[PDB]
Protein chains: 4
Amino acid sequence: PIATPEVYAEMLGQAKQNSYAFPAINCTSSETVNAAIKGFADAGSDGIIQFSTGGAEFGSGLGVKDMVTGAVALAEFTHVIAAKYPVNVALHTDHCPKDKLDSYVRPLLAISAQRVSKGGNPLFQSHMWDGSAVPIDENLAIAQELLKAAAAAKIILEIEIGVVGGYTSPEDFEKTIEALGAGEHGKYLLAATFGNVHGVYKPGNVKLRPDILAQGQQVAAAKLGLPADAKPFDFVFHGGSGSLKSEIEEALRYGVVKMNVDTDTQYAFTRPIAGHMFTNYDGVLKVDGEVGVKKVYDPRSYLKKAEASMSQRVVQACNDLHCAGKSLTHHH
Amino acid sequence: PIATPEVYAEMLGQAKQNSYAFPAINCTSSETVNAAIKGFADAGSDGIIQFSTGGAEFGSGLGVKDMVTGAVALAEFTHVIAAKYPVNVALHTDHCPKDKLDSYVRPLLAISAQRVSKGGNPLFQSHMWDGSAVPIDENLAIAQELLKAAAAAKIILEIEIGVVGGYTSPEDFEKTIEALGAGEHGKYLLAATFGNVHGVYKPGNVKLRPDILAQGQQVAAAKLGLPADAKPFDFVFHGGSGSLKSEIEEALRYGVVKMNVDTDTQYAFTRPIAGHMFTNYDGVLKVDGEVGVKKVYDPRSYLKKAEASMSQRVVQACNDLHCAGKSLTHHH
Amino acid sequence: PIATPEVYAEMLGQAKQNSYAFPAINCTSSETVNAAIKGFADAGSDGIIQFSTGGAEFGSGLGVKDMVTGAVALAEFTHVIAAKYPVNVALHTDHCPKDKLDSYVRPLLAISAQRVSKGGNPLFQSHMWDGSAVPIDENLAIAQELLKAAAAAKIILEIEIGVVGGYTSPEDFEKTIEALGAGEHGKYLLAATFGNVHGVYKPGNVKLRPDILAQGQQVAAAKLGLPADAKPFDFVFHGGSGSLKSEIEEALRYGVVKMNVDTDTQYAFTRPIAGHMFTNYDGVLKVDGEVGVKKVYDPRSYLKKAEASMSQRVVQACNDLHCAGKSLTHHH
Amino acid sequence: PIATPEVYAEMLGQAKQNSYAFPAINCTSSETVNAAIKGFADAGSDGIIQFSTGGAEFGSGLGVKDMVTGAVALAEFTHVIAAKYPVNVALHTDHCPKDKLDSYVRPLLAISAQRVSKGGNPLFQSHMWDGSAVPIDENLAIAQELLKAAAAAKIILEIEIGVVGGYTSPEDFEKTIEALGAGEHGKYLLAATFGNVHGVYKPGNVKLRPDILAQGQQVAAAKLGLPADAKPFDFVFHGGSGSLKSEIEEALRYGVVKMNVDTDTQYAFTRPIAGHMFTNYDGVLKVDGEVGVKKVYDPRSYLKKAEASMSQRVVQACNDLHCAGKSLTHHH
Ligand SMILES: O=C(COP(=O)(O)O)[C@@H](O)[C@H](O)[C@H](O)COP(=O)(O)O
Ligand SMILES: O=C(COP(=O)(O)O)[C@@H](O)[C@H](O)[C@H](O)COP(=O)(O)O
Ligand SMILES: O=C(COP(=O)(O)O)[C@@H](O)[C@H](O)[C@H](O)COP(=O)(O)O
Ligand SMILES: O=C(COP(=O)(O)O)[C@@H](O)[C@H](O)[C@H](O)COP(=O)(O)O
Ligand code: NA
Ligand code: NA
Ligand code: NA
Ligand code: NA
Ligand SMILES: [Zn+2]
Ligand SMILES: [Zn+2]
Ligand SMILES: [Zn+2]
Ligand SMILES: [Zn+2]
Ligand SMILES: [Zn+2]
Ligand SMILES: [Zn+2]
Ligand SMILES: [Zn+2]
Ligand SMILES: [Zn+2]
């Protein structure tokens with residue numbers, strides 16, 4: 001099913017308590033949503049499907065190019081699909097900067113607030129406010145008001161401090177606890193930067209500093225008067241693709257509950273499509289006066305392979321993050 | 001917008017009256033739906049999006065493989081998208097044989113009946129019952145009961161007499177009018193076979209006999225006591241891909257209001273994907289120890305091109321069928 | 001065997017007498033030479049292998065880029081190969097303009113003159129002087145001196161009047177007979193231009209005017225005091241690829257004895273190489289950390305297919321030109 | 001130039017004395033010969049071009065399939081080309097088993113014996129007798145008679161003890177010295193097996209035991225009454241492709257003077273051809289009614305790239321084997 005707000009909160013609480021995390025898979029289409037959910041289900045795992053501003057625009061089609069439309073359309077699709085799987089699937093929106101709040105996160109929050117006012121649940125279960133490009137005080141001012149609105153709509157807010165490549169300071173960690181508390185005013189997720197980078201580069205290139213996350217937890221624990229081993233933050237690991245297994249493991253120890261994956265699932269989706277086009281070149285092209293071969297230019301022929309391959313990469317993510325076999329539905 | 005039942009009936013009435021037809025484009029995904037609707041809009045045309053049993057299964061994902069789920073999920077997606085376009089978009093389900101009625105058309109009819117009972121409109125605006133594999137009397141017995149159910153849910157029924165390749169007889173035309181009337185008991189569309197073939201073959205191979213359709217109209221007109229030039233049937237032209245322009249023109253003269261297209265839009269969708277994989281071979285594959293190029297293995301990079309190409313083929317269909325520039329929204 | 005000068009003269013005499021012609025296939029390598037000769041043999045035909053200035057440069061390798069070296073190296077290769085086939089194979093050099101005479105045709109003539117001085121036969125059996133870019137009188141002045149040198153080395157000279165696309169005038173035909181005679185001072189071949197074009201374009205684009213050739217023969221016949229149906233010129237048809245069968249047939253009627261083919265045999269050679277790379281993409285590339293598949297990146301694996309395909313196109317040329325089954329070895 | 005027998009003997013003597021070796025590059029065509037020689041020249045190195053039985057058959061064309069013809073034709077080509085480069089190029093034939101001696105090595109020896117009888121030099125400068133599939137005594141009996149014939153024709157014989165994958169024993173090393181001496185009855189090259197394997201596999205898979213070669217030299221030195229550090233054998237390293245740099249270095253220390261390379265130069269040749277076909281897919285194929293693009297289906301367009309790439313891999317071999325910059329022409 002789609003994760004209810006209560007189930008999603010329980011998911012994130014259980015992950016933190018047990019030092020595991022969920023994959024948050026960027027999706028752009030019916031096929032990619034289907035691939036992600038099947039991956040979660042094959043791993044016996046709960047999971048998160050997320051739409052970026054560009055993913056939402058793409059989902060709305062070239063004739064519309066509207067983020068809200070694409071996110072709503074893909075979310076409605078996902079609601080129907082997820083009902084047919086035993087695992088819990090949460091819907092999330094990715095990076096939304098200041099100049100897109102009025103045309104992405106705010107209108108989506110309003111849609112969910114209307115649903116909740118009628119006794120229903122929100123359309124999305126979390127939204128990201130990415131204020132990393134503005135000063136920390138402005139970032140957290142906007143975050144505080146969005147957190148109030150989100151919590152009232154039964155939605156978790158993700159925020160970002162520091163810019164992910166394409167480090168978070170002790171004072172920025174302190175300011176975050178001061179402005180937002182530690183969940184008692186509404187749950188929030190913190191994308192803290194620790195040398196992580198969006199994209200996939202050669203092994204060695206990306207140098208992660210998970211000690212930054214350890215330090216952040218210690219800073220928060222001290223502020224809140226908690227024991228030194230407390231983990232008050234629910235961290236989000238952006239730029240998960242291409243990471244070493246050992247790096248993921250270390251991040252889990254310090255309270256990462258959500259690792260975002262896009263690039264690696266993109267490669268997994270595209271890889272069999274490329275293979276299909278090459279091995280069926282004279283079927284997908286009308287060559288030498290011939291009319292091609294419908295069986296292989298039917299988009300389903302290669303998109304099924306794309307789907308299955310992306311699902312396998314999602315299963316790998318669930319095993320890397322130690323959420324495999326832990327779905328809160330306990331269907332086993 | 002999505003075509004209301006009233007608008008869809010008006011669409012088909014206007015098409016018949018003016019000797020034009022609408023494309024019915026088989027779709028399987030968010031991208032193909034988006035491509036089809038953008039094509040209709042670019043042509044200033046109303047249009048039909050249809051899901052086959054296999055298309056619906058595909059739309060539900062490999063982890064579900066359920067026709068109803070896929071059709072509902074894709075229909076819900078389409079409802080959100082179509083609201084953002086000025087043209088009218090009708091939703092249809094394609095070939096449903098006897099052994100799939102209980103797991104496709106009937107449950108979908110029930111969903112729409114529930115919507116209509118609450119003062120809303122149906123999810124789909126037409127459904128196909130394909131009884132061509134059973135004797136004509138059984139075909140029309142099932143058709144009569146489905147027509148009653150469909151009309152009560154504000155839905156048009158498509159039926160089929162004769163098997164499309166992969167001819168309809170005067171007596172079968174007569175039996176159809178006798179069993180179903182001529183629209184006064186609910187509108188229905190008739191897929192009569194006249195040498196048409198699903199798929200795309202070399203020019204010349206497919207030999208159409210549109211005189212069969214002319215004869216059918218004359219048979220119906222005589223039965224109903226109408227003038228010899230009356231067109232009591234709303235015909236559906238299956239196997240539209242690969243047809244000569246002149247063949248399409250002749251079919252229009254005899255009351256074809258709906259021409260189904262799948263194979264040609266499949267080729268149009270896939271063609272730029274093939275091209276993308278070849279020209280970006282060392283970006284979509286990790287070759288010689290390199291890590292590929294995200295910008296070109298991002299599925300959106302080639303799927304945008306696929307979408308645009310399929311939309312162009314849909315525009316061509318609207319111009320071939322003479323529905324271009326005739327959308328009943330008259331947005332111009 | 002390699003055509004002796006006597007056999008080559010007999011070949012061209014028999015072709016003219018019987019209104020057929022030989023293909024002159026541009027070659028660039030051991031594989032293309034092998035493909036051409038096998039094509040002649042499969043057709044039971046004599047034939048001509050020719051090297052352009054660029055083909056010769058290519059044959060010499062990137063480390064040499066010397067026309068004489070490449071032509072000699074490929075000719076020596078061809079002498080060994082042709083001895084193993086029952087058909088007669090003549091060696092020819094293609095377009096040599098004024099500024100390349102000193103570095104292509106003249107040094108090659110000198111090599112053959114040395115061979116002949118020792119009681120042997122020439123290395124090449126014909127050479128082309130292409131003076132079409134200089135005024136006709138200068139063209140024919142150079143031609144006359146080259147004809148003397150060529151005939152003394154038992155070599156046939158090809159000349160060109162008019163520029164082939166990328167028409168020959170009555171006066172230019174007259175001047176040619178006046179300057180060179182009609183074979184009694186040494187045989188020569190005349191590349192007269194008649195709307196022919198190097199390269200392959202869409203059907204219709206190239207508009208041939210074989211009546212120009214008919215007129216040329218009539219002009220020569222009148223000059224020589226021969227009957228009006230005499231064919232004093234041995235014509236060469238440049239730009240043979242892409243021609244209609246009927247166009248080739250008409251050219252034969254007017255004394256074409258040699259039709260040059262390059263572009264169509266290039267396509268035939270490359271076509272299966274392209275196919276091989278696509279269907280074996282993950283064998284010819286080291287992908288995803290794998291080491292490829294030697295069996296398919298071994299150049300012989302695709303070059304055998306290239307060879308066989310080019311040979312088939314050469315067989316087609318022999319049947320188009322009506323030289324198939326007519327080899328002067330009469331091996332049958 | 002082509003290596004004279006005297007120069008080739010000096011090459012191998014200098015290599016042994018200075019602990020370096022020459023690449024022996026398998027070639028199959030004019031393009032591959034040109035690529036190999038250009039690689040030697042670019043590295044300022046002497047080198048060896050070799051033809052296998054299959055390479056020779058391929059070189060003769062599908063219409064001939066004769067090893068002697070192909071080897072002679074390619075050798076004659078190579079003689080013309082090599083004269084234009086400052087470095088010394090030796091010609092060699094690769095693996096010839098017992099049942100092919102009468103149709104490969106023996107007839108080639110006879111051709112060279114005839115040349116030498118007339119005061120000239122042999123066509124090839126070395127030939128391989130591969131008797132590894134027969135018992136050692138029979139192998140060396142045939143080797144002794146072939147060595148006499150080869151030496152009389154100014155040709156070096158290569159022999160093989162042990163079968164290369166797809167170890168040489170102290171007694172087999174001893175028997176070799178006993179039967180053939182240490183060069184005083186004619187120079188010979190010894191392909192001793194030491195865990196080497198033809199082909200290219202993943203790193204680690206091939207486990208070389210160069211200590212076998214060290215042991216062989218010690219066994220020979222003891223037999224001949226030489227100091228323990230003497231290197232009486234000139235070793236040949238079959239299966240050179242895919243080897244670690246450090247493995248090559250160790251083999252050099254023990255008297256390898258010739259390392260055979262085929263698979264890696266095959267990959268280098270094919271790799272840009274594959275790339276060319278993919279990036280020019282709509283030029284090398286006639287697609288959607290178009291006629292392709294001659295500029296990219298001209299075989300020279302991709303074969304130049306193939307040549308250059310193979311030459312680069314040959315330069316790498318010369319640097320790996322430490323023969324780069326050491327050509328005995330000292331042209332610098
Ligand atoms: O952290 C993430 C994944 O990083 P990688 O897994 O790609 O390293 C996501 O949050 C990215 O920001 C997202 O893929 C960007 O999507 P786009 O704006 O292109 O639609
Ligand atoms: O008439 C039609 C189009 O014919 P063509 O345009 O393809 O000739 C449709 O009704 C086809 O039956 C449909 O494409 C079959 O879809 P599938 O069962 O493969 O999902
Ligand atoms: O007439 C000919 C063939 O014409 P097509 O058969 O190609 O139309 C030949 O003489 C051409 O001039 C020759 O292919 C040019 O070769 P290049 O200078 O590129 O090495
Ligand atoms: O040692 C060699 C190279 O090994 P690799 O460099 O390929 O490992 C050669 O002697 C091989 O036996 C030769 O490539 C076989 O050629 P083929 O019989 O296929 O025409
Ligand atoms: Na990353
Ligand atoms: Na069709
Ligand atoms: Na041409
Ligand atoms: Na090897
Ligand atoms: Zn991110
Ligand atoms: Zn459990
Ligand atoms: Zn159909
Ligand atoms: Zn209007
Ligand atoms: Zn030409
Ligand atoms: Zn005969
Ligand atoms: Zn070997
Ligand atoms: Zn020196």
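Residues numbered from 1 in each chain as written, not as in the entry; some residues may be left out. Chains lettered and ligands numbered in written order. Heavy atoms only, no water.

Per the deposited record, determination of this structure is attributed to X-ray crystallography, with the resolution reported as 1.31 Å.

Some words on the site of ligand 3
Lining the immediate surroundings of ligand 3 are 17 residues, of which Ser52, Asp94, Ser241, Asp262 and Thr263 of chain C lie closest. Taken together, the residues near ligand 3 originate from chains C and D. Within the contact set of ligand 3, an oxygen atom lies 3.2 Å away from a side-chain nitrogen or oxygen of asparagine 260 of chain C. Measuring from an oxygen atom of ligand 3, one finds a side-chain N or O atom of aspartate 262 of chain C at 2.5 Å. (Near = heavy atom within 4 Å. Polar contact = N/O pair within 3.5 Å; in protein donor to acceptor, adjacent residues only side chain to side chain.)

Quick word on the UniProt feature "active site" in chain A
Residues and elements named next belong to chain A. The positions UniProt marks with the feature "active site" are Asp94. You can see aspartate 94 is positioned in the loop between β3 (89-93) and α5 (105-117). Its relative accessible area of 6% is what places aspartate 94 among the buried residues. Contacts of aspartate 94, omitting those with residues within four sequence positions, involve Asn26, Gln50, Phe51, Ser52, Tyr104, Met128, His238 and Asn260. For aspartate 94, the side chain forms a polar contact with the side chain of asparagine 26, separated by 3.3 Å. (UniProt positions renumbered as here; feature names shortened; annotations may be inferred. Helix = DSSP H or I, 4+ residues; strand = E, 2+ residues; numbered from the N terminus. Buried < 20%, exposed > 50% of the residue type's maximum accessible area, 1.4 Å probe, protein only. Contact = heavy atoms within 4.5 Å.)

Quick notes on the coordination of the zinc ion (ligand 15)
Residues and elements named next belong to chain D. Here the zinc ion (ligand 15) is held by the protein donor atoms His95 (NE2), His198 (NE2) and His238 (ND1), which lie 2.1 Å from it. One way to put it: the six donor atoms around the zinc ion (ligand 15) meet at angles of 64 to 170 degrees, and that makes the site irregular. The exposure class assigned to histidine 198 is partly exposed, which follows from its relative accessible area of 31%. (Donors = N, O, S within 2.8 Å, 3.2 Å for Na, K, Ca; no water. Tetrahedral: all angles 85-135°; square planar, octahedral: opposite > 155°, others 65-115°.)

A look at the coordination of the zinc ion (ligand 11)
Here the zinc ion (ligand 11) is held by the protein donor atoms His95 of chain B (NE2), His198 of chain B (NE2) and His238 of chain B (ND1), which lie 2.1 Å from it. The coordination sphere of the zinc ion (ligand 11) comprises six donor atoms, whose angles at the metal cover 64 to 170 degrees; the geometry is irregular.

What about the relation of the copies chain C and chain B?
For the pair chain C and chain B, the relating rotation is 180 degrees, the translation along its axis is 0.0 Å, and the fit reaches an RMSD of 0.0 Å. Taken together, the rotation and translation describe the operation of a two-fold axis. It is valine 287 of chain C whose C-alpha, among those of chain C, lies nearest the rotation axis, at 2.3 Å. A shared binding surface is used by both copies, with 100% of the interface residues of chain C retained as interface residues in chain B. (Least-squares fit on C-alpha atoms.)

So, unusual backbone geometry
Residue and element names in this part refer to chain A. For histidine 330, which is not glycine, the phi torsion reads 50 degrees and is therefore positive. By secondary structure assignment, the location of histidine 330 is in the segment after α13 (299-320). Exposure remark for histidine 330: the relative accessible area of 51% places this residue in the exposed category.

Overview of the UniProt feature "binding site: Zn(2+) 2" in chain A
Residues and elements named next belong to chain A. Residues annotated by UniProt as "binding site: Zn(2+) 2" correspond here to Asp130 and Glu160. The named residues occupy 31 residues along the chain; their greatest pairwise C-alpha distance, 5.2 Å, places them in one compact cluster. Discounting residues that sit within four places of it in the chain, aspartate 130 has contacts with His95, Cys96, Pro97, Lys98 and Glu160. At 2.8 Å, the side chain of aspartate 130 and the side chain of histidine 95 are in polar contact. Mapped onto the secondary structure, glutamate 160 falls in strand β5 (residues 156-161). Its relative accessible area of 1% is what places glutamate 160 among the buried residues. Residues contacting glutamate 160, with those up to four places away along its chain left out, are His95, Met128, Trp129, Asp130, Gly131, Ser132, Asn139, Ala191 and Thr193. Within the structure, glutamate 160 has its side chain in polar contact with the side chain of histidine 95 (distance 3.4 Å).

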